[PDB]
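A short reminder: the numbers here are calculations on the coordinates, not readings from a lab. Note that we place each Cβ from the backbone using ideal geometry, even for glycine, and neighbour counts take in every protein chain shown.
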Amino acid sequence: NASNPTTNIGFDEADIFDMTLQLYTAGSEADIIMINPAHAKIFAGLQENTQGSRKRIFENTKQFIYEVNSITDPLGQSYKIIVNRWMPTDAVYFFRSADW
Amino acid sequence: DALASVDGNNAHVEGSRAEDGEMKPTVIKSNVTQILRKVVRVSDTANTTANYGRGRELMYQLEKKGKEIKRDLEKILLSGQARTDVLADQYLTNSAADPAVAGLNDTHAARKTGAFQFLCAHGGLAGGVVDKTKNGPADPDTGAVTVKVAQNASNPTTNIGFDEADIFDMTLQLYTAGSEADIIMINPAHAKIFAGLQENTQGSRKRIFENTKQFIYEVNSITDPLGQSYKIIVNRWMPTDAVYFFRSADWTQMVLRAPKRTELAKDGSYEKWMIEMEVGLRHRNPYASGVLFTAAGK
Amino acid sequence: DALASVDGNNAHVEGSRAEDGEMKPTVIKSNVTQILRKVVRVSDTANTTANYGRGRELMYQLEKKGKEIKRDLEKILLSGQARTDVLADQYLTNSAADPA
Amino acid sequence: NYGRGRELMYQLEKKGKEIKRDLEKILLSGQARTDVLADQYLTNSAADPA
């Protein structure tokens, strides 16, 4: 949680890909990410950064979508997202259905 | 090896008076093949237990050794091995066949094949492995250095970070040398740079999301200013401090003996088995493919 | 199980003897189960008059508690709880030698 | 041979009788188990590397 200030409880902004790198070098082939609704707006925040390197653009479109339900790492592994209500706010799981 | 240089001026005064031509014929490159065994030795009392999932202990261990030898081959073919054999200048020497070998019948050395970093126009030998701190020589055909040490001009020459855009210079050298390569292999610990290529700090590169439920952060295709496409590939079996630019036809896997499972002698308290796979690497032209070592500016 | 580290110095010689190699065993893991129960007791003093809304309060509350146990099962599976037992690390000593 | 029959089968059956006698002696003499398992007889407890 380097980018944000020391106020947020905890979560990353560019270290979610270090985990995908670790999984790839281990051998996992999972493409799923379960998250609680509380720590969900953070995922949508990935489409915009304070640094001048990521922004949104609306060409006179009456449809605001601050949502994200799919991620892709530089290695090529897709990653769908799911919002589980009964999960704990202070955790994020990257797993597969068959593994469990 | 190469063609004949241009020599610049080509004036003439109605007469050659040459020296029987300046042909400078081709140079002969050679390579050696090594052996890979991956022995296995199991006891006899440990070959009858329940073995819930492993089942047949020896068969399971043999499959494991097969996977291990395959991984070791995938690693060595991209490693920095150096051609090492008892023959130095008498490689072919069919007639004499190195008279100074036979007589002892036990002076056999360890056959080590030439690796990619060695066959790709090296520029020295750091003891036993190709040097990762000096650029190779120039191609006599045209000015070309297919082996370059990066210069991370984005960091203050203190951080160990692979340069961001030192690949365009390597592509320039490849184009000058006549490579036509179209592939770029990279270790997983460096795709972060290729992904950041889409962005920057000056503000001239930035992604956009017009009402999209996606955060695609990936690169799998590059195009240098010269018009040469390049497909990126990830391989976890390469040295992190190296990048190779392959080409399918330029490299081939030579095989003398296929991977064979067998068993050595007996009259012991053990049931030995083993595998044997003899293989080597070949290259059409050293100056065709390209290599890029990672380091920091001096 | 997990394969062994990939070697990069295999330079075996021709016409030699096969020296024994390195082997690794298969790791083992263990866990424990969990029991969930409910109660839908009823007095039966009802059902003699003309019930108004639902009827079969027993089955209604029973389905309610079924949904409840499903919810709790999901919550438990997704929430972090250690391998708590009364053996107190004696998991690998099945049939404890101390009946105390 | 004439009574020996051969050198392999005769020797093998003789050694079989000998090992049978030795087995009976070792079983009836009296000796406690000494295999190094340290209470891990049950609970298969794979060889535990190191």
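The sole residue among A:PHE58, A:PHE64 that is over 15 Å from A:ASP12 (Cβ atoms), at the interface with another protein chain (Cβ under 7 Å from one of its Cβ atoms), among the hydrophobic types (A, V, I, L, M, F, W, C) and not in a strand (DSSP E or B) is A:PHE58.
From the list C:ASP7, C:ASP98, the one residue that fits, being under 30 Å from B:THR262 (Cα atoms) and out of contact with any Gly (no Cβ under 7 Å at 6 or more places or on another chain), is C:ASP7.
Based on this model, can you work out whether B:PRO239 counts as more than 9 Å from every other protein chain (Cβ to nearest Cβ), buried (at least 16 other Cβ atoms within 10 Å of the Cβ) and either in contact with a helix residue (DSSP H, G or I) (Cβ under 6 Å, 6 or more places away or on another chain) or part of a strand (DSSP E or B) (or both)? Answer is no for this residue.
Checked against (1) of a type outside the set (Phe, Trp, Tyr); (2) surrounded by 14 or more Cβ atoms within 10 Å (Cβ to Cβ); (3) within 22 Å of the chain's Cα centre (by Cα); (4) assigned to a loop (DSSP other than H, G, I, E, B), B:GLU180 meets all criteria but (2).
Going by what's in this entry, would B:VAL279 be described as closer than 30 Å to A:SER78 by Cβ and either in contact with a helix residue (DSSP H, G or I) (Cβ under 7 Å, 6 or more places away or on another chain) or among the β-branched types (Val, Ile, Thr) (or both)? Taking the combined requirement at face value, the residue does not satisfy it. Considering the conditions (1) in contact (Cβ under 8 Å) with a residue 40 or more places away in the chain; (2) surrounded by 15 or more Cβ atoms within 10 Å (Cβ to Cβ); (3) in contact with an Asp or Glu (Cβ under 8 Å, 6 or more places away or on another chain), B:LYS231 is excluded by exactly one of them, (2).
Among the residues of segment A:16-55, those that are part of a loop (DSSP other than H, G, I, E, B) and over 16 Å from A:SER78 (Cα atoms) comprise A:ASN36, A:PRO37, A:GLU48, A:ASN49, A:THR50, A:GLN51, A:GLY52, A:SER53. Checking each residue in segment C:77-98 for being loosely packed, with under 13 Cβ neighbours inside 10 Å and either within 30 Å of A:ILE35 (Cβ to Cβ) or within 14 Å of chain A (Cβ to nearest Cβ) (or both) picks out C:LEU77, C:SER79, C:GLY80, C:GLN81, C:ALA82, C:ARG83, C:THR84. Just one of (1) in contact with a helix residue (DSSP H, G or I) (Cβ under 8 Å, 6 or more places away or on another chain); (2) more than 14 Å from chain A (Cβ to nearest Cβ); (3) part of a loop (DSSP other than H, G, I, E, B); (4) within 19 Å of B:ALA150 (Cα to Cα) fails for B:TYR244. It is (3).
Of all residues in segment B:247-298 being part of a loop (DSSP other than H, G, I, E, B) and under 12 Å from the mean Cα position of the chain (by Cα), which is surrounded by the most Cβ atoms within 10 Å (Cβ to Cβ)? Per the stated criteria, the residue is B:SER289.
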